[PDB]
């Protein structure tokens, strides 16, 4: 409808109506739900909610199906005075019913189109079940694999994170200004604003602290890119940002998000984060929490009651302007209008059962493709892999048969539709002997049984991994290791004298040195989603050629953390030339380098890269154009990820030794050659100075072109002169 009609609605609502429009509730707090109605009575009572509240609530969180939605919306519109339909929101993080790889695995793809397609398929299905908004992309930079929520990030690089964030937004939303017509796309909600990934000691919800400059330099750019690409909502973070919980942090959310980033959509709280500012010790009570969170421009309180119980008295007493409440309501109604909910509150479902669009074969194929793009081949000694279809396989370990391959933050997908490792292998390989073992134990009887199966077969597929419940939210591990039993199983299998491939499933970097040394090949599958066993079987047999690169550094040991490729030099760097001197930046007991670096991943193919003549000089404001010719010089078709890094040699702030500024994943048949070109704009050369100005300084930059952060040729470009 026309904007005048939306503004009119605001004018006509009562104060009590405007307040309740700022509340989101679980579906079973509403009449007309068709699941968990036994939770409704006691929980309404604990939260002290009445019909006056629920019949005017702004939003529903986590509907269970199209029918839940339809029934809830229908009963709500019988009783709502002005006819304002509910907006339905959900967590569609890496797939709805067709589950794609976890975001961190999608980071390792380095493939923007894989990510867009995952987001498109997710929206297709999620809209078919009545959801209007997804709480994705998660854009928290991560340098600390202790934190369970690394699985939801695309990793340690702001540039990569930004680029894949934009891809996800584009895939979920399509053309943002036509969400009232394109009812198979949905609104995206960027989360968690801001810097939640920097949780101290990797502990869930724990203190975050960095300088404002570092916040701008590394922690904000990805949210920003997703905002500028049209993300409709933003969600606040749990953590403090320079001492103030992000939810009530006025500077953060008004000055930065709404001012600098020019965000003018719904700011929704993370779950309970409005009330939790009390726990943080920056509000005395719910009256202060409500006031501070509304001052900071939070429009929508997720499942707590500070707003509904306290805004009236605040406004009546004049501690809080009613204009701020009106601004919040207007953003909520604009969101609804942007989804076409005032013409069609059932968003395409009312006379159109779209069951047919859910978990199709086309969709499963895309997830399989996603899975094969995201896996990272870490070791392959002796060209053990690809295995031949007639190789006789002993498939052993906790991930041989486990149905737990869909990943954390799989709110809607079902393990029964998933393909386990065994089932995946038996479609491809004629001889497989299996010995399942438990995640945390290694018994004598297991060893006997493993030994018998290995004696029978020619190669071992050792499937190790985490349960998903060991990560995700509030799955923090102080020591980033598999259970010791799995390391002991890898040690045992090694003694059996047969070649070993380890297929590792997990949601975080782990200490894998012991696994690499106990096997001939090591394939990092992360959690691939619905098609996990086929992803695995196609990569092992070579029907697919691994092409993933690490988007997060794998530490030598827990105590190396944080370790990341874009690090400062320090005043006493170790060099190949001073190696072994005492008075340099090193550890006595491990290497400075991570076990595996950002951008690292093997292939069954071999590539050669050639960079065309770069200029020796560039003007300020001028783009650098990088042309690179890649050739597949092997007999095996495959894909390589070309990466370009920039370094600022001398600057008014100590700058990272490299930063990624471009990447493209290039597909090449055996003997095929391509030229790809990159533009590094002058923004790729700029950074935040100690005055928090985004600046370009004249001087020397090095440019690194290659296939990891370590495998690069280096070039020098001197920036100076005039500007543009």
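Numbering follows the first chain given and starts at 1.
**Student:** Compare the mean C-alpha B-factor of 150-158 with that of 531-539 as given in the PDB entry, and name the stretch with the higher value.
**Tutor:** Per the PDB record, 531-539.
**Student:** Which wins on mean Cα temperature factor, 470-478 or 374-382?
**Tutor:** Mean CA B-factor is higher for 374-382.
**Student:** Can you pull the Cα B-factors for 216, 76, 600, 205 from the entry and say which is highest?
**Tutor:** That would be 76.
**Student:** By the CA temperature factor listed in this entry, which of these ranks top: 319, 491, 258, 572?
**Tutor:** Reading the PDB entry, the winner on C-alpha B-factor is 319.
**Student:** How does residue 631 rank on Cα B-factor within its chain, lowest, middle or highest third?
**Tutor:** Answer is highest: the recorded C-alpha B-factor places it there.
**Student:** Consider only the C-alpha atoms of the modelled residues in this chain, order them by B-factor as the entry records it, and name the third containing residue 70: lowest, middle or highest.
**Tutor:** Answer is highest: the recorded C-alpha B-factor places it there.
**Student:** Lowest, middle or highest third: where is residue 581 by Cα B-factor in its chain?
**Tutor:** As the PDB entry reports it, the C-alpha B-factor of residue 581 lands in the highest third of its chain.
**Student:** How does the C-alpha B factor of residue 484 compare with the rest of the chain: lowest, middle or highest third?
**Tutor:** Its C-alpha B-factor belongs to the lowest third of this chain's values.
**Student:** Test of reading the entry: by CA B factor among the chain's modelled residues, which third contains residue 708?
**Tutor:** Lowest third of the chain for residue 708's C-alpha B-factor.
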